[PDB]
Amino acid sequence: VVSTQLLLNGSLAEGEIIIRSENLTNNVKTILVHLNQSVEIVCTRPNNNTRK
Amino acid sequence: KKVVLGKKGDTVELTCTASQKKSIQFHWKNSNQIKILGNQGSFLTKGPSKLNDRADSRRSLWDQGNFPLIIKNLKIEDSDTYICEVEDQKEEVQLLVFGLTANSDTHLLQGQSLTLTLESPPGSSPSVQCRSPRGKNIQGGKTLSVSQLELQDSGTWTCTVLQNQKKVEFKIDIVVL
């Protein structure tokens with residue numbers, strides 16, 4: 001699965017939350033965290049909106 | 001150094017080179033390095049600047065290694081050095097955009113006068129060489145004026161301004177009645 005800043009149906013983190021980057025002069029160097037817990041994200045839409 | 005210029009209402013183009021010709025990571029960032037436009041792999045990070053609403057780039061060109069950057073509807077504040085840091089070098093464009101107008105708005109008469117105003121951005125030492133349908137080469141700096149304005153002066157005036165090795169043309173529209 002692919003997602004942006006936040007995934008779905010995917011991995012979890014093993015021990016705790018850590019981060020990934022280098023130098024603090026200009027700092028593009030995208031940072032990444034693995035969040036050692038889970039979260040609930042659930043989207044439902046049965047019909048509820050028949051009018052297109 | 002490689003400048004560009006604008007017209008307070010136009011767009012402009014700014015260039016980024018790359019030897020791998022491959023769409024590798026470039027970022028467009030102004031003087032003190034805010035992020036403005038950036039290749040993140042196959043994506044464009046509209047940076048957090050004054051230009052969160054304007055700037056752009058031809059997107060296709062990246063897979064060629066030529067990464068552009070445009071500043072649409074330039075106002076004098078988008079006038080600033082930029083930078084492109086494709087792989088190991090940081091090509092800097094420098095954009096000093098202005099615009100200009102005349103005092104008279106809708107109503108003029110024959111024998112009257114009109115003046116000029118060029119809205120330069122700070123740090124500029126230009127020179128305004130301005131023209132007329134009658135060949136009135138108004139030779140001077142910013143505030144160009146003439147004590148003679150006639151029915152023969154009708155028609156717009158090709159005004160121009162030299163800011164560090166370039167100029168760009170200008171209307172000065174003249175209409176009577």
# chains A, B, ... in the order shown; residues from 1 in each chain; ligands from 1
call {"tool": "residues_around", "arguments": {"residues": "residue 19 in chain B", "least_positions_apart": "5", "cutoff": "12 Å", "atoms": "only C-alpha atoms", "output": "list in words"}}
result
residues 24, 62, 63, 64, 65, 66, 67, 86, 87, 88 and 89 of chain B
call {"tool": "interface_residues", "arguments": {"of": "chain A", "to": "chain B", "cutoff": "10 Å", "atoms": "only C-alpha atoms", "output": "count of residues only"}}
result
4
call {"tool": "residues_around", "arguments": {"residues": "residue 94 in chain B", "least_positions_apart": "4", "cutoff": "12 Å", "atoms": "only C-alpha atoms", "output": "NGL selection string"}}
result
:B and (1-6 or 12-15 or 29-31 or 69 or 71 or 78-84 or 163-164)
call {"tool": "residues_around", "arguments": {"residues": "residue 32 in chain A", "least_positions_apart": "2", "cutoff": "7 Å", "atoms": "only C-alpha atoms", "output": "list in words"}}
result
residues 19, 20, 30 and 34 of chain A
call {"tool": "atom_distance", "arguments": {"atom1": "CA of residue 16 in chain A", "atom2": "CA of residue 43 in chain A"}}
result
27.3 Å
call {"tool": "residues_around", "arguments": {"residues": "residue 56 in chain B", "least_positions_apart": "2", "cutoff": "8 Å", "atoms": "only C-alpha atoms", "output": "VMD selection string"}}
result
chain B and resid 37 54 58 69 to 72
call {"tool": "write_last_selection", "arguments": {"atoms": "C-alpha atoms", "output": "short mmCIF file (atom, residue, chain, number, x, y, z; two decimals), in the first residue's frame"}}
result
data_model
loop_
_atom_site.label_atom_id
_atom_site.label_comp_id
_atom_site.auth_asym_id
_atom_site.auth_seq_id
_atom_site.Cartn_x
_atom_site.Cartn_y
_atom_site.Cartn_z
CA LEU B 37 9.85 24.89 -5.56
CA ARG B 54 2.16 31.71 -7.69
CA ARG B 58 7.11 23.12 -16.72
CA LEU B 69 10.72 27.96 -12.44
CA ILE B 70 8.20 30.68 -13.31
CA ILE B 71 6.82 33.54 -11.18
CA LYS B 72 3.42 34.35 -12.59
#
call {"tool": "closest_residue", "arguments": {"among": "A:4, A:9, A:17, A:52", "to": "residue 35 in chain A", "atoms": "only C-alpha atoms"}}
result
A:17
call {"tool": "select_by_dssp", "arguments": {"residues": "range 56-120 of chain B", "states": "strand (DSSP E)", "output": "PyMOL selection string"}}
result
chain B and resi 69-70+80-81+94-95+100-102+116-118
call {"tool": "closest_residue", "arguments": {"among": "B:9, B:124, B:137, B:157", "to": "residue 170 in chain B", "atoms": "only C-alpha atoms"}}
result
B:157
call {"tool": "closest_residue", "arguments": {"among": "B:150, B:16, B:85, B:99", "to": "residue 121 in chain B", "atoms": "only C-alpha atoms"}}
result
B:99
call {"tool": "atom_distance", "arguments": {"atom1": "CA of residue 165 in chain B", "atom2": "CA of residue 91 in chain B"}}
result
19.4 Å
call {"tool": "atom_distance", "arguments": {"atom1": "CA of residue 158 in chain B", "atom2": "CA of residue 129 in chain B"}}
result
9.1 Å
call {"tool": "residues_around", "arguments": {"residues": "residue 36 in chain A", "least_positions_apart": "6", "cutoff": "10 Å", "atoms": "only C-alpha atoms", "output": "PDB file with C-alpha atoms, in the first residue's frame"}}
result
ATOM      1  CA  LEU A  12       3.679  -0.825  12.749  1.00  0.00           C
ATOM      2  CA  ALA A  13       6.679   0.158  14.831  1.00  0.00           C
ATOM      3  CA  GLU A  14       8.695  -2.197  16.943  1.00  0.00           C
ATOM      4  CA  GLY A  15      10.141  -0.521  20.047  1.00  0.00           C
ATOM      5  CA  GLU A  16       9.495   3.252  20.043  1.00  0.00           C
ATOM      6  CA  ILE A  17       9.457   6.378  17.859  1.00  0.00           C
ATOM      7  CA  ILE A  18      12.702   7.522  16.208  1.00  0.00           C
TER       8      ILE A  18
END
